[PDB]
Each structure stands twice: as structure tokens, then as C-alpha cells.
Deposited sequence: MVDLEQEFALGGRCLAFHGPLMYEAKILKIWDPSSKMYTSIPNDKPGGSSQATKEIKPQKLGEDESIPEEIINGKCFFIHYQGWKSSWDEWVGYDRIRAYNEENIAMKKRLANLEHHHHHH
């Protein structure tokens, strides 16, 4: 359902937005896997990188919102991320259209 480089939906405020998964964090190992630019190996957080305290102890996803500047790329947990499927797309549309 949530793969490296895959599509997802993510809450940002009250609405949902299409996003792409760029990294996946394992809270047990304290390492993430990342899209390139094994073969893809887990790696520690960079010296200047941070994951919010609120979510660092769970599985986290570093996402890019489709069409937004890369400055909005951020870590989210399961509270905010959603599978890209028929039910969640319809919910995304309802939240924006109907409230």
C-alpha cells in the first residue's frame, strides 16, 4: 500500500493532497530507505536532518506533494497518510467539495 517512490494521499490541514513517497523511516532501526537519484540500503538520519518528535517513534514517510515546491516536503505518520485508492480519493473530493 505504501511503497518507496509510490503515490499516496496525505492530509495537510483539513484537506487531502496527492503525494509521492520519497523515504520510509523504520523507528526500531532509526534508519530510512530513500529513492535513489541490498541496492537500496537503510541509512541513518543526516547530520542536519530531523523527524518531528510527535511521529519519530512510529513508521514515517517523507513525502513530496504533487505540484508543490519541494520546500513543503515533510515527514508524516499514519495519522496523515492514506492509500491512493477509490475510497480515499472519493473522501478527498468530499472534504474539498462538500466539507
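For this chain, the deposited residues without C-alpha positions form the stretches 1 to 6, 44 to 53, 116 to 121, given in sequence order.
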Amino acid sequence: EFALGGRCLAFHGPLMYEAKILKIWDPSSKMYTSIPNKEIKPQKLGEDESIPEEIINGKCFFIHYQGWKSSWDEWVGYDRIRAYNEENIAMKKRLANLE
From here on, numbers count along this sequence of modelled residues.
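The question of which stretch, 62 to 70 or 43 to 51, has the higher mean Cα B factor is settled in favour of 43 to 51. When the modelled residues of the chain are ordered by C-alpha B-factor, residue 31 sits in the middle third.
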